[PDB]
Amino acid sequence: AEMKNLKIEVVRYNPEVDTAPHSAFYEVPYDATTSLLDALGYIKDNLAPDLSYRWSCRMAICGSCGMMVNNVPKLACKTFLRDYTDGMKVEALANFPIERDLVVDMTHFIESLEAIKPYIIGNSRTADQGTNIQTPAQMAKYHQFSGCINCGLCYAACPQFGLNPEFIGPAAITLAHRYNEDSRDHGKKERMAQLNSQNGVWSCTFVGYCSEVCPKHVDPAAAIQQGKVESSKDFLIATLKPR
């Protein structure tokens, strides 16, 4: 029994020692089923115990798996060594500050996600009265956008967020759009202020590469466009607003 080998480039960084990130190369055995996450594990156990990374689910559902692979945002979780036969380079998730090795500071994300108030607002129904009534039709209005797992992959992909850190971002607008379009939600006016901002929807120039990298096929770029149309509608109403 003999398994084929691969030389993987991993970009390492230690705040204690390193001034800047530098590369380190590791010979790692692989087969048809070996994921990047598997390979990272192998290094930690045998080649280097000082390697750090985030992961949990092992199956592209948790989202803590984000990183760069040959300048591409991917989840190590679902990246396969069989594909990168020629060579492979693993950097920390782009557009984010590097805390350590492959571990990044994702405060802005969480905070952007917070700002939009992603929860049911102003529905006074109580439990002992049974559920709301929502038709499969009414549901298909927001359903796709509800499936986001906060991977961060879209933020790394978005050039605009690269140029502007303050921009609330695709994932965040998408989630705001999710509740806006929910038949059970009466908090549309609560989260428009953020979306109407320049750091809101009006930082997207419809590049669309975020929709391209989404592992969960949310298509956040469409949420933004709909968001721009909705913001325009609001702007119009607000122009005639001196009541």
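Just count from 1 along the sequence shown to find any residue number.
Remark: stretch with higher mean C-alpha B factor among 208-216 and 52-60 is 208-216.
For the pair 16-24 and 230-238, the mean B factor over Cα atoms is greater in 230-238.
Highest CA B-factor among the listed residues (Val103, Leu75, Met88, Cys148): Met88.
Placement of the Cα temperature factor of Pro165 within the chain: highest third of the modelled residues, per the deposited record. When the modelled residues of the chain are ordered by their C-alpha B factor, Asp38 lands in the lowest third. Annotation for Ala32: CA B-factor lies in the middle third of the chain's modelled residues. For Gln198, the recorded CA temperature factor ranks within the highest third of the chain's modelled residues. Among all modelled residues in this chain, the alpha-carbon of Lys189 has a temperature factor (C-alpha) in the highest third.
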